[PDB]
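Text of final-v2.json, listed as JSON, C-alpha atoms and all ligand atoms:
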```json
[["chain", "number", "residue", "atom", "x", "y", "z"],
["C", 9, "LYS", "CA", -0.06, 10.87, 0.34],
["C", 10, "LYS", "CA", -1.18, 7.37, -0.75],
["C", 11, "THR", "CA", 0.65, 7.96, -4.03],
["C", 12, "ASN", "CA", 3.86, 8.85, -2.23],
["C", 13, "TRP", "CA", 3.58, 5.69, -0.22],
["C", 14, "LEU", "CA", 3.13, 3.53, -3.32],
["C", 15, "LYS", "CA", 6.19, 5.18, -4.77],
["C", 16, "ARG", "CA", 8.17, 4.66, -1.55],
["C", 17, "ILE", "CA", 7.28, 0.94, -1.38],
["C", 18, "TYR", "CA", 8.10, 0.58, -5.11],
["C", 19, "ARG", "CA", 11.55, 2.19, -4.52],
["C", 20, "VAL", "CA", 12.50, 0.00, -1.53],
["C", 21, "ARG", "CA", 11.69, -3.42, -3.05],
["C", 22, "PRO", "CA", 14.21, -4.49, -5.67],
["C", 23, "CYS", "CA", 13.83, -7.56, -7.86],
["C", 24, "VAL", "CA", 13.60, -10.78, -5.72],
["C", 25, "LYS", "CA", 15.84, -12.61, -8.13],
["C", 26, "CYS", "CA", 18.66, -10.19, -8.85],
["C", 27, "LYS", "CA", 18.32, -7.94, -5.81],
["C", 28, "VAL", "CA", 19.53, -4.90, -7.83],
["C", 29, "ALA", "CA", 16.99, -3.73, -10.58],
["C", 30, "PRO", "CA", 13.49, -2.40, -9.68],
["C", 31, "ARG", "CA", 10.43, -4.69, -10.22],
["C", 32, "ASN", "CA", 8.25, -4.71, -13.29],
["C", 33, "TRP", "CA", 4.75, -3.35, -12.95],
["C", 34, "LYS", "CA", 1.65, -2.69, -15.03],
["C", 35, "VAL", "CA", -1.36, -0.36, -14.63],
["C", 36, "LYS", "CA", -4.24, -2.74, -15.11],
["C", 37, "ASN", "CA", -7.51, -0.90, -14.93],
["C", 38, "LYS", "CA", -7.35, 1.31, -11.85],
["C", 39, "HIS", "CA", -4.99, -1.03, -9.96],
["C", 40, "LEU", "CA", -1.26, -1.02, -9.89],
["C", 41, "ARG", "CA", 0.28, -4.50, -9.98],
["C", 42, "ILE", "CA", 3.90, -4.79, -8.79],
["C", 43, "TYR", "CA", 5.40, -8.07, -10.08],
["C", 44, "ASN", "CA", 8.08, -9.86, -8.11],
["C", 45, "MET", "CA", 10.87, -9.53, -10.69],
["C", 46, "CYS", "CA", 12.43, -7.11, -13.18],
["C", 47, "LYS", "CA", 11.54, -7.86, -16.83],
["C", 48, "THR", "CA", 14.96, -9.32, -17.54],
["C", 49, "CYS", "CA", 14.85, -11.79, -14.66],
["C", 50, "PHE", "CA", 11.29, -12.80, -15.49],
["C", 51, "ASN", "CA", 12.14, -13.66, -19.09],
["C", 52, "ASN", "CA", 15.20, -15.59, -17.77],
["C", 53, "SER", "CA", 12.91, -17.47, -15.40],
["C", 54, "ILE", "CA", 10.91, -18.59, -18.39],
["C", 55, "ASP", "CA", 14.02, -19.79, -20.32],
["C", 56, "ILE", "CA", 15.63, -21.69, -17.39],
["C", 57, "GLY", "CA", 12.39, -23.32, -16.32],
["C", 58, "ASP", "CA", 12.01, -21.84, -12.86],
["C", 59, "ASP", "CA", 8.80, -20.28, -11.71],
["C", 60, "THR", "CA", 9.50, -20.18, -7.99],
["C", 61, "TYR", "CA", 9.57, -16.35, -8.14],
["C", 62, "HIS", "CA", 6.54, -15.67, -10.33],
["C", 63, "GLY", "CA", 3.87, -13.54, -8.55],
["C", 64, "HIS", "CA", 2.80, -9.93, -7.83],
["C", 65, "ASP", "CA", 0.72, -7.73, -5.55],
["C", 66, "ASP", "CA", -2.07, -5.26, -6.34],
["C", 67, "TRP", "CA", -2.51, -1.77, -5.05],
["C", 68, "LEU", "CA", -5.47, 0.46, -5.96],
["C", 69, "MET", "CA", -4.99, 4.11, -6.91],
["C", 70, "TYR", "CA", -7.64, 6.13, -4.93],
["C", 71, "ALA", "CA", -7.94, 7.78, -1.47],
["N", 9, "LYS", "CA", 4.23, -9.87, 1.77],
["N", 10, "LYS", "CA", 1.51, -7.29, 0.92],
["N", 11, "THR", "CA", 0.16, -7.77, 4.44],
["N", 12, "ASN", "CA", 3.55, -7.06, 5.98],
["N", 13, "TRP", "CA", 3.79, -3.91, 3.95],
["N", 14, "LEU", "CA", 0.38, -2.68, 5.09],
["N", 15, "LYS", "CA", 1.47, -3.33, 8.64],
["N", 16, "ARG", "CA", 4.79, -1.53, 8.10],
["N", 17, "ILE", "CA", 3.09, 1.57, 6.62],
["N", 18, "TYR", "CA", 0.51, 1.50, 9.46],
["N", 19, "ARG", "CA", 3.36, 1.41, 12.05],
["N", 20, "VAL", "CA", 5.36, 4.30, 10.55],
["N", 21, "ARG", "CA", 2.51, 6.85, 10.22],
["N", 22, "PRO", "CA", 1.41, 8.26, 13.56],
["N", 23, "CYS", "CA", -1.60, 10.51, 14.05],
["N", 24, "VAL", "CA", -1.26, 13.76, 11.96],
["N", 25, "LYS", "CA", -2.61, 15.80, 14.82],
["N", 26, "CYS", "CA", -0.81, 14.50, 17.87],
["N", 27, "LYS", "CA", 2.19, 12.89, 16.18],
["N", 28, "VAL", "CA", 2.38, 10.19, 18.90],
["N", 29, "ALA", "CA", -0.63, 7.68, 18.85],
["N", 30, "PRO", "CA", -1.28, 5.35, 15.85],
["N", 31, "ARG", "CA", -4.14, 6.20, 13.40],
["N", 32, "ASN", "CA", -7.65, 4.86, 13.60],
["N", 33, "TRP", "CA", -8.71, 2.39, 10.95],
["N", 34, "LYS", "CA", -11.69, 0.27, 9.96],
["N", 35, "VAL", "CA", -12.10, -2.89, 7.83],
["N", 36, "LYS", "CA", -14.84, -1.86, 5.47],
["N", 37, "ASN", "CA", -15.74, -4.71, 3.18],
["N", 38, "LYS", "CA", -12.47, -6.09, 1.83],
["N", 39, "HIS", "CA", -10.65, -2.74, 2.06],
["N", 40, "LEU", "CA", -8.64, -1.37, 4.89],
["N", 41, "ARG", "CA", -9.18, 2.35, 5.48],
["N", 42, "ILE", "CA", -6.49, 4.17, 7.49],
["N", 43, "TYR", "CA", -7.90, 7.46, 8.82],
["N", 44, "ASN", "CA", -5.64, 10.45, 9.34],
["N", 45, "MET", "CA", -6.05, 10.70, 13.13],
["N", 46, "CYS", "CA", -6.26, 8.60, 16.30],
["N", 47, "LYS", "CA", -9.80, 8.27, 17.70],
["N", 48, "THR", "CA", -9.10, 10.74, 20.50],
["N", 49, "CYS", "CA", -7.85, 13.48, 18.19],
["N", 50, "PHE", "CA", -10.72, 12.93, 15.78],
["N", 51, "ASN", "CA", -13.36, 13.37, 18.47],
["N", 52, "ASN", "CA", -11.46, 16.49, 19.66],
["N", 53, "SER", "CA", -11.52, 17.80, 16.10],
["N", 54, "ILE", "CA", -15.28, 17.54, 16.19],
["N", 55, "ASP", "CA", -15.57, 19.41, 19.53],
["N", 56, "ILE", "CA", -13.18, 22.28, 18.63],
["N", 57, "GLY", "CA", -14.65, 22.78, 15.17],
["N", 58, "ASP", "CA", -11.64, 21.93, 13.04],
["N", 59, "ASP", "CA", -11.86, 19.54, 10.16],
["N", 60, "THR", "CA", -8.60, 20.40, 8.45],
["N", 61, "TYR", "CA", -7.27, 16.91, 9.30],
["N", 62, "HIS", "CA", -10.29, 14.77, 8.43],
["N", 63, "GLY", "CA", -9.53, 12.18, 5.69],
["N", 64, "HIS", "CA", -8.21, 8.63, 5.10],
["N", 65, "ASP", "CA", -6.74, 6.27, 2.51],
["N", 66, "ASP", "CA", -7.89, 2.85, 1.30],
["N", 67, "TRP", "CA", -5.85, -0.25, 0.82],
["N", 68, "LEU", "CA", -7.28, -3.54, -0.48],
["N", 69, "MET", "CA", -6.41, -6.86, 1.15],
["N", 70, "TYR", "CA", -5.53, -9.31, -1.73],
["N", 71, "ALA", "CA", -2.42, -10.28, -3.76],
["C", 101, "LIG", "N1", 7.91, -9.73, -14.09],
["C", 101, "LIG", "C1", 7.32, -10.69, -13.33],
["C", 101, "LIG", "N2", 7.75, -11.10, -12.11],
["C", 101, "LIG", "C2", 7.08, -12.07, -11.44],
["C", 101, "LIG", "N3", 5.97, -12.69, -11.89],
["C", 101, "LIG", "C3", 5.45, -12.36, -13.10],
["C", 101, "LIG", "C4", 6.12, -11.32, -13.87],
["C", 101, "LIG", "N4", 5.44, -11.17, -15.00],
["C", 101, "LIG", "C5", 4.40, -12.02, -14.99],
["C", 101, "LIG", "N5", 4.40, -12.75, -13.86],
["C", 101, "LIG", "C6", 3.38, -13.79, -13.56],
["C", 101, "LIG", "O1", 2.48, -14.06, -14.63],
["C", 101, "LIG", "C7", 1.21, -14.38, -14.09],
["C", 101, "LIG", "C8", 0.10, -13.46, -14.62],
["C", 101, "LIG", "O2", 0.50, -12.59, -15.68],
["C", 101, "LIG", "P1", -0.16, -11.12, -15.77],
["C", 101, "LIG", "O3", 0.01, -10.62, -17.20],
["C", 101, "LIG", "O4", 0.18, -10.30, -14.54],
["C", 101, "LIG", "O5", -1.70, -11.35, -15.52],
["C", 101, "LIG", "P2", -2.68, -11.60, -16.77],
["C", 101, "LIG", "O6", -3.07, -13.02, -16.34],
["C", 101, "LIG", "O7", -3.74, -10.51, -16.55],
["C", 101, "LIG", "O8", -1.88, -11.51, -18.08],
["C", 101, "LIG", "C9", 1.29, -14.12, -12.60],
["C", 101, "LIG", "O9", 1.51, -15.30, -11.82],
["C", 101, "LIG", "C10", 2.47, -13.20, -12.54],
["C", 101, "LIG", "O10", 3.14, -13.23, -11.30],
["C", 102, "LIG", "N1", -10.28, 9.15, 12.89],
["C", 102, "LIG", "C1", -10.36, 9.95, 11.80],
["C", 102, "LIG", "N2", -9.35, 10.71, 11.31],
["C", 102, "LIG", "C2", -9.53, 11.48, 10.20],
["C", 102, "LIG", "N3", -10.69, 11.55, 9.51],
["C", 102, "LIG", "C3", -11.77, 10.83, 9.90],
["C", 102, "LIG", "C4", -11.63, 9.99, 11.08],
["C", 102, "LIG", "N4", -12.80, 9.39, 11.28],
["C", 102, "LIG", "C5", -13.65, 9.79, 10.31],
["C", 102, "LIG", "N5", -13.05, 10.66, 9.49],
["C", 102, "LIG", "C6", -13.73, 11.29, 8.33],
["C", 102, "LIG", "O1", -15.13, 11.00, 8.24],
["C", 102, "LIG", "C7", -15.49, 10.93, 6.87],
["C", 102, "LIG", "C8", -16.14, 9.59, 6.52],
["C", 102, "LIG", "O2", -16.43, 8.75, 7.63],
["C", 102, "LIG", "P1", -16.30, 7.14, 7.46],
["C", 102, "LIG", "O3", -17.13, 6.49, 8.55],
["C", 102, "LIG", "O4", -14.88, 6.75, 7.12],
["C", 102, "LIG", "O5", -17.00, 6.84, 6.07],
["C", 102, "LIG", "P2", -18.56, 6.48, 6.03],
["C", 102, "LIG", "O6", -18.96, 7.71, 5.21],
["C", 102, "LIG", "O7", -18.55, 5.13, 5.29],
["C", 102, "LIG", "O8", -19.12, 6.43, 7.47],
["C", 102, "LIG", "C9", -14.21, 11.00, 6.08],
["C", 102, "LIG", "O9", -13.93, 12.31, 5.54],
["C", 102, "LIG", "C10", -13.20, 10.60, 7.11],
["C", 102, "LIG", "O10", -11.91, 11.11, 6.87],
["C", 103, "CL", "CL", -3.64, -0.81, -1.81],
["C", 104, "ZN", "ZN", 15.93, -8.90, -11.49],
["C", 105, "ZN", "ZN", -3.79, 11.83, 17.63]]
```
In structure tokens, how does this file's structure come out?
Ligand SMILES: Nc1ncnc2c1ncn2[C@@H]1O[C@H](COP(=O)(O)OP(=O)(O)O)[C@@H](O)[C@H]1O
Ligand SMILES: Nc1ncnc2c1ncn2[C@@H]1O[C@H](COP(=O)(O)OP(=O)(O)O)[C@@H](O)[C@H]1O
Ligand SMILES: [Cl-]
Ligand SMILES: [Zn+2]
Ligand SMILES: [Zn+2]
Amino acid sequence: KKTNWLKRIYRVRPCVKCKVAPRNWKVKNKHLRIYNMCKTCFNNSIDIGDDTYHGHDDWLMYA
Amino acid sequence: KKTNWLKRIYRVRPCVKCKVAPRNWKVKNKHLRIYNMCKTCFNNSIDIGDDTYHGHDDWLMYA
């Protein structure tokens, strides 16, 4: 059930910048990192000079 | 925001056995463990001989 909760929280938090697309993520190690923004908004953030929305949280994948 | 998510998931999952009371939990280390059952149902499970509902998940408290 932890895995279904991770999935549920991933599906209810859209990108903070565009409010439509899902967030980017990576499986680092044995942690899942959910970044604040989709990939397209993150790259845009780099081009326009804004980093106010950079960030992420980590969730581990056991139990 | 991770902390508000942990709180949200704790508030939406009641005890698996009695379906009313919130689950028991402990802060082990720097992990939060949410057990499957309230304390009163867990102790009952020990007295009646059923362990079908024993278990828990772990959530870390960073990011
Ligand atoms: N898609 C994204 N949305 C928001 N923040 C991001 C995104 N991608 C990268 N970042 C930011 O980049 C920084 C770290 O990059 P990352 O590759 O996660 O870690 P590492 O330092 O291991 O490469 C963090 O502050 C992270 O929030
Ligand atoms: N309230 C509860 N609800 C469900 N399972 C429980 C509960 N309390 C203890 N358990 C079970 O007891 C076992 C481990 O006990 P616990 O104290 O969490 O770990 P430790 O082995 O570090 O003492 C686990 O299988 C756990 O699910
Ligand atoms: Cl977690
Ligand atoms: Zn976006
Ligand atoms: Zn109960």
Contact check, chain C to ligand ZN 104 (chain C), at most 6 Å, counting only C-alpha atoms and all ligand atoms, closest pairs as a Markdown table:
```
| residue | atom | partner | partner_atom | distance |
| --- | --- | --- | --- | --- |
| C:23 | CA | C:ZN104 | ZN | 4.4 |
| C:25 | CA | C:ZN104 | ZN | 5.0 |
| C:26 | CA | C:ZN104 | ZN | 4.0 |
| C:29 | CA | C:ZN104 | ZN | 5.4 |
| C:45 | CA | C:ZN104 | ZN | 5.2 |
| C:46 | CA | C:ZN104 | ZN | 4.3 |
| C:49 | CA | C:ZN104 | ZN | 4.4 |
```
_Neighbourhood of ligand LIG 102 (chain C) at 12 Å, counting only C-alpha atoms and all ligand atoms, reported as a PyMOL selection string_ = (chain C and resi 71) or (chain N and resi 22-26+29-37+39-54+58-66)
*Once you count all atoms listed in the file, which residues end up within 8 Å of ligand CL 103 (chain C), and could you hand them over as a list in words?*
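Taking all atoms listed in the file into account, the residues around ligand CL 103 (chain C) at most 8 Å away are residues 66, 67, 68 and 69 of chain C; 66, 67, 68 and 69 of chain N.
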*May I ask for the distance between atom ZN of ligand ZN 105 (chain C) and CA of residue 20 (chain C), given in Å to one decimal place?*
27.8 Å
*asked:* Could you tell me how far CA of residue 70 (chain C) sits from CA of residue 13 (chain C), in Å to one decimal place?
replied: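 Taking CA of residue 13 (chain C) as the start and CA of residue 70 (chain C) as the end point, the length is 12.2 Å.
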_With distances taken over only C-alpha atoms, which residue among N:57, N:16, N:38, N:10 lies nearest chain C?_
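That would be N:10, the residue with the smallest distance to chain C.
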*For chain C, which residue out of N:15, N:27, N:55, N:9 is the nearest one, using all atoms listed in the file?*
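Once distances to chain C are computed over all atoms listed in the file, the minimum belongs to N:9.
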*Which value, in Å to one decimal, gives the distance between atom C3 of ligand LIG 101 (chain C) and CA of residue 18 (chain N)?*
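Computing the Euclidean distance for atom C3 of ligand LIG 101 (chain C) and CA of residue 18 (chain N) yields 26.9 Å.
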